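Those sequence lines, one after another, are chains d, C, P, b and n. Quick note: the first sequence uses the entry's author numbering, first residue 3, plus one each step. Quick note: the second sequence uses the entry's author numbering, first residue 21, plus one each step. Quick note: the third sequence uses the entry's author numbering, first residue 16, plus one each step. Quick note: the fourth sequence uses the entry's author numbering, first residue 2, plus one each step. Quick note: the fifth sequence uses the entry's author numbering, first residue 1, plus one each step. Report on the following structure.
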Amino acid sequence: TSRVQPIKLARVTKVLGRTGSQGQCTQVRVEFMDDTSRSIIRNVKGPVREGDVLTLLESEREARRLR
Amino acid sequence: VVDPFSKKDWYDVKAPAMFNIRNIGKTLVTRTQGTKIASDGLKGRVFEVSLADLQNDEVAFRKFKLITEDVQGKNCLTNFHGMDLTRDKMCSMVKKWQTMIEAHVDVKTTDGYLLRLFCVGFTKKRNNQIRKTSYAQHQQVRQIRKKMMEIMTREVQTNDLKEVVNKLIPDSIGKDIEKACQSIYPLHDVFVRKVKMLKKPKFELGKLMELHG
Amino acid sequence: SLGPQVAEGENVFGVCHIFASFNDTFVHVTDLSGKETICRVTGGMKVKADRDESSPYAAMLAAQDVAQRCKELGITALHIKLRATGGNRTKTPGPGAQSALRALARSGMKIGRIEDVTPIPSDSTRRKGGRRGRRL
Amino acid sequence: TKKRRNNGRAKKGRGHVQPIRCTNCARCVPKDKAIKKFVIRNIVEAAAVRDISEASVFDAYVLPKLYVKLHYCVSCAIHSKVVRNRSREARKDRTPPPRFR
Amino acid sequence: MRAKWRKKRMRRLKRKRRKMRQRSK
RNA sequence: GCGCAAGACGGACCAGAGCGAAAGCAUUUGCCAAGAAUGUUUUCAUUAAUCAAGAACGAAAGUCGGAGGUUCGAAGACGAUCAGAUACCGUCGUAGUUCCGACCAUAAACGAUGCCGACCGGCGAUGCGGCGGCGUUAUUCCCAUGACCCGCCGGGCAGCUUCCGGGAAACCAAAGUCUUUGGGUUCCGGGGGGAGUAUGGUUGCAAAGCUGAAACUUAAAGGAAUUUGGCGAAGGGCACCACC
């Protein structure tokens with residue numbers, strides 16, 4: 003790898019539909035605090051809401067669908 | 021096992037004198053060693069550069085091919101090789117419910133430069149036209165193609181490469197084709213899409229320094 | 016491998032041919048003429064499973080490695096030359112071109128003109144497969 | 002029984018047309034029978050266009066588009082969710098689905 | 001059985017009976 | 001990335017558009033012959049329609065003799081898949097695929113709908129030729145030609161609607177003008193199998209093509225449409241006797 007990626011803390015703005023085979027995960031529109039202009043979509047697993055901060059280990063991936 | 025990029029030299033390329041932006045970029049080649057020389061390795065190199073990066077304020081969907089032929093020390097001197105249009109513009113011009121016209125010649129300049137030209141013409145819908153198709157008959161297409169062929173022929177046999185490249189920087193041939201073909205069937209998108217080069221004469225240095233100053 | 020040129024005033028250009036089929040992606044960087052090359056890592060180089068060699072992850076890692084090598088040698092500005100498998104097979108680019116381009120732009124370089132150079136045939140030979148196609 | 006006024010194609014006074022090849026498949030389908038789809042797309046999506054624009058030499062640069070024509074066989078088009086079956090009284094609708102978005 | 005392969009088997013029986021008839025002359 | 005060589009093909013433009021008796025036909029230019037429709041106050045004057053015998057053309061595959069063989073690819077050689085897989089899938093690959101010269105006359109050769117002629121509703125477009133009319137353009141004036149616009153006429157590929165009418169219905173402006181049954185003419189079918197089979201003749205180098213039965217056996221085989229049901233069919237929702 004030879005890459006120590008810095009961790010990113012990001013805050014959600016809205017909750018999209020629940021993807022997955024059995025609906026275990028959901029899609030959110032999440033935005034960063036260090037740059038409050040960049041907004042990406044992520045697939046998050048677990049009970050989420052509007053306002054919780056997610057710890058992203060990488061910030062350069064875009065959300066895949068259920069398959 | 022050794023780094024092969026430690027024995028490279030960064031050269032520079034220069035456009036010929038009819039272009040505004042003289043400096044294009046940097047290309048690199050290995051150092052001279054024995055029989056092979058860095059002068060020969062920069063010989064057959066063709067550069068695909070856009071017109072917007074070689075001129076100041078013109079169309080961005082035009083590209084010119086430049087090939088090096090001699091080097092004078094950290095400066096590669098180029099010459100005109102070919103012309104082509106960008107793929108997105110050529111694909112966006114071609115649309116359904118219109119017919120497109122192709123013509124080509126094998127016209128030769130006043131020196132030993134044999135060129136092959138290509139162009140294109142698409143039919144124009146009128147402003148108050150209610151009809152959808154607006155096609156062209158075969159005899160009108162033949163007359164328009166002959167008109168295009170003679171306009172291609174008339175602008176090249178009395179010129180050499182310099183002022184015909186100066187004419188190829190705008191679409192003056194395209195405007196002349198569109199103006200001349202208005203009495204046959206009105207066209208609206210006429211661009212010289214491809215210029216090739218078949219035959220090249222013996223290499224003369226004097227014309228190269230006259231083409232660079 | 017050093018160069019005494021200016022860096023603040025202008026930038027050094029190269030071109031990058033991104034070839035992306037449905038089973039492998041290529042990130043190939045040459046000079047302006049294209050004869051001399053700089054670096055290449057394929058999408059099968061990063062992931063060790065040959066199932067998802069055309070994955071966005073492997074294209075992202077390959078583009079990041081290519082950008083790191085290009086910053087190591089000293090290429091800052093880059094012209095994108097996009098190509099699919101072409102021919103008579105298909106013309107849609109594979110599933111790593113956009114991810115590789117976004118990873119290459121996000122790495123901290125400058126992007127010039129994006130060009131599609133996939134080979135478009137003018138009625139070439141017969142496509143591989145029968146008259147009924149590949150039934151499966 | 003006869004299902005359609007035409008024969009699933011657009012041949013009326015010809016008798017023979019040139020065949021084309023499917024893109025998802027390799028079946029030899031006639032040109033006027035195959036479901037054609039001219040799709041236009043940008044090189045980047047709506048998420049990466051900002052990342053391309055912030056890392057561009059030219060300010061106010063127009064992103065190019067990608068032009069490709071797709072030829073589909075009937076089973077390939079119905080299995081890729083391009084066209085589906087509909088009612089007997091709704092089969093004679095000629096207009097495409099609306100271009101709202 | 002579809003008519004195509006029954007016609008093919010019928011033609012093979014034609015070939016066998018024709019060969020047997022012409023070799024039993 | 002720069003060049004060389006070989007063969008095949010003519011994308012996008014390309015359409016419920018055109019031509020041809022059908023099979024079929026898509027780069028540019030040149031040569032030769034042919035054809036439909038439109039226009040005609042031209043010419044002959046019944047020369048016409050359909051067709052046993054006979055005759056030309058005729059997809060792909062197949063045969064014989066040459067040149068050439070890029071790609072694809074029957075037979076074949078393997079690798080997976082599977083209980084088996086001499087199948088689907090993947091890598092090679094012979095005849096063939098291409099051209100010339102000579103053969104067969106076969107397709108779901110389908111509009112599954114013979115040809116000529118007459119009559120019976122409406123509408124909007126389309127390709128050709130001719131005619132008329134306000135305006136715009138090939139830069140400002142006039143005329144003619146091209147390009148638009150509004151209409152008429154004839155032929156042609158077609159479309160929408162219809163208590164015309166028909167039909168078992170699907171549907172058809174013909175599949176209508178049919179018990180109120182007769183415009184002219186050629187071919188062809190009498191329940192389902194045996195069977196396009198036996199034999200005879202005939203054509204072909206061959207593969208095969210045309211003509212074409214009977215014994216025996218059977219009470220059904222089929223066409224259109226409605227309801228249920230089940231789809232490894234599609235579109236919406238639900239269930240901890242389903243899942244996460």
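The beta-carbon is built from N, C-alpha and C at its ideal position, and this holds for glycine as well.
*Report yes or no: do the region 148–163 of chain C and the region 98–109 of chain C share at least 3 C-beta pairs separated by less than 8 angstroms?*
no
_Reduced DSSP secondary structure (H/G/I, E/B, other) of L116(P)_ = Collapsing the DSSP output to three states places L116(P) in a helix.
_Let me check understanding here. Comparing Cα to Cα, which of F67(C), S26(C), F223(C), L71(C) lies closest to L188(C)?_
Nearest in C-alpha terms to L188(C), of all of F67(C), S26(C), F223(C), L71(C), is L71(C).
*Could you round the C-beta distance between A58(C) and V49(C) to whole angstroms and report it? I think they count as a contact, below 8 angstroms.*
5 angstroms
*Hey, which unbroken runs of the beta strand (DSSP E) at 3 residues or more fall wholly within the region 43–99 of chain P?*
52–57, 92–98
*Short CB-CB distance (under 9 angstroms) between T106(C) and chain b*: Chain b, which has a Cβ nearer than 9 angstroms to the Cβ of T106(C), makes this yes.
*Where does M124(P) land, buried or exposed, given buried means 16+ other C-beta within 10 angstroms?*
Looking at its Cβ environment, which holds 16 or more other Cβ atoms inside 10 Å, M124(P) is buried.
*Considering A200(C), what are the terminal residues of the alpha helix (DSSP H) in which it resides?*
192–200
*Which term fits residue 5(P), buried or exposed, when burial requires 16 or more other beta carbons within 10 angstroms of its beta carbon?*
Residue 5(P) cannot be examined here, being either before or after the span of chain P that is shown, 16 to 151.
*Using 10 angstroms around the beta-carbon of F223(C), count the other beta-carbons present and answer buried if the total reaches 16, otherwise exposed.*
exposed
_Could you check whether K66(b) and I36(b) sit closer than 9 angstroms to each other, using their CB atoms as the reference points?_
no
*Return the chain-ordered list of same chain residues with a C-beta closer than 8 angstroms to the C-beta of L228(C), the five sequence neighbours on each side being excluded.*
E89, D90, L97, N99
*Going by DSSP, what residues sit across from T98(C) in a beta bridge?*
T88(C)
_Extent of the continuous alpha helix (DSSP H) to which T173(C) belongs_ = 158–174
*For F39(b), write down the residues that DSSP places opposite it in a beta bridge.*
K70(b)
*Identify the contact partners of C111(C) in chain b, using a Cβ-Cβ distance below 7 angstroms as the criterion.*
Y68
*Where do the ends of the beta strand (DSSP E) carrying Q29(d) lie?*
Segment 27–34, the beta strand (DSSP E) holding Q29(d).
*By DSSP, does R63(d) sit in helix, in strand, or in coil?*
coil
*Taking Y205(C) as the reference, which of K109(C), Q118(C), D29(C), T173(C) has the closest Cα?*
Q118(C)
*Determine the extent of the alpha helix (DSSP H) in which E183(C) is found, giving its start and end residues.*
For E183(C), the enclosing alpha helix (DSSP H) begins and ends at 181–188.
*Does the pairing of the region 15–27 of chain b with the region 73–80 of chain b give three or more beta-carbon distances under 8 angstroms?*
yes
*Among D94(b), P98(b), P99(b), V83(b), nearest to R6(b) - alpha-carbon criterion*: If we check each option's Cα against that of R6(b), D94(b) comes out closest.
_Does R141(P) come out as helix, strand or coil in the three-state DSSP assignment?_
coil
_Beta-bridge partners of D29(C), as assigned by DSSP_ = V49(C)
*Taking the alpha carbon of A74(P) as the point to measure from, which residue in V56(P), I126(P), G102(P), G145(P) has its own alpha carbon closest?*
The shortest C-alpha separation from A74(P) is found at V56(P).
_Can you tell me whether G54(C) is buried or exposed? The criterion is at least 16 other CB atoms within 10 Å of its CB, across all chains shown._
exposed
*chain b within 9 angstroms of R66(d), Cβ atoms only*: By this cut-off, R66(d) is not an interface position.
*asked:* List, in chain order, every chain P residue whose beta-carbon is nearer than 8 angstroms to that of residue 1(b).
replied: Past the edges of chain b, shown from 2 to 102, lies residue 1(b), and the structure says nothing about it.
_Between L86(C) and the ligand GTP, is there a pair consisting of the residue's CB and a ligand heavy atom that are separated by less than 8 angstroms?_
With respect to the ligand GTP, the structure shown offers nothing to examine, as it has no ligands at all.
_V212(C) versus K27(C), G141(C), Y133(C), residue with shortest Cα-Cα distance_ = When C-alpha distances from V212(C) are compared across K27(C), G141(C), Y133(C), the shortest belongs to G141(C).
*Should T143(C) go down as buried or exposed, given a rule of 16 or more other Cβ atoms within 10 Å for buried?*
Classification of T143(C): buried, given that the 10 Å Cβ count is 16 or more.
*When DSSP labels each residue in this structure, what does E55(b) get in the three-state scheme?*
helix
*So what's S76(b) in DSSP terms, helix, strand or just coil?*
helix
*Can you pull the chain b residues whose beta carbon is under 7 angstroms from the beta carbon of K106(P), in chain order?*
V69
*How big is the Cα-Cα spacing for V132(P) and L93(P)?*
16 angstroms
*Any C-beta of chain C under 9 angstroms from that of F39(b)*: yes
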